[PDB]
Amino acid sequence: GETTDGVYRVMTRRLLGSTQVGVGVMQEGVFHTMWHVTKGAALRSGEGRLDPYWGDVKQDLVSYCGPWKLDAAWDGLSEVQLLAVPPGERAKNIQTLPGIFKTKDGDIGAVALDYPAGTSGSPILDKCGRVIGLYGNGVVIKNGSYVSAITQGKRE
């Protein structure tokens, strides 16, 4: 199927009509998404099949066709852009200054932008266009609003 670098919607025909369950990144012939989007199932790209290659429920990440390729990191200072791909809507860049998730194992950047759950897997970018992580695994705060981690994998 299509292997050109870029952002892709992840769809299913299982429920009513065609439903967007998430989003992902194609880079260097490897498709990258969050685990909760596909649950590790195989994907179709036209008449081609993408098989899972690596995954981890705790990191909430999965790669198809090859190992995880994305290794850029948020510098901890600068604004970033969420390249939001919402269901039934055009891809749109939103610039924001990340907050931080503090954990017993270290700190991680977080973006406070709320989109439908089917937007999970949209990439977050730095100023050179590099993917520093994927949006869609996070928490609900007092006001009921959503805050996502900037979730990044490790390039082996």
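Note that residue numbering begins at 1 and tracks the sequence as displayed.
In this entry, 99 to 107 shows the higher mean Cα temperature factor of the pair 99 to 107 and 66 to 74.
Stretches compared: 54 to 62, 88 to 96. Higher mean C-alpha B-factor in the entry: 88 to 96. In this structure the maximum Cα B-factor among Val131, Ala42, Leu113, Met34 is found at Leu113. In this PDB entry, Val25 carries a Cα temperature factor that places it within the lowest third of its chain's modelled residues.
Remark: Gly46 belongs to the highest third of its chain, ranked by C-alpha B-factor as recorded.
Among the modelled residues of the chain, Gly153 sits in the lowest third by CA temperature factor in this PDB entry.
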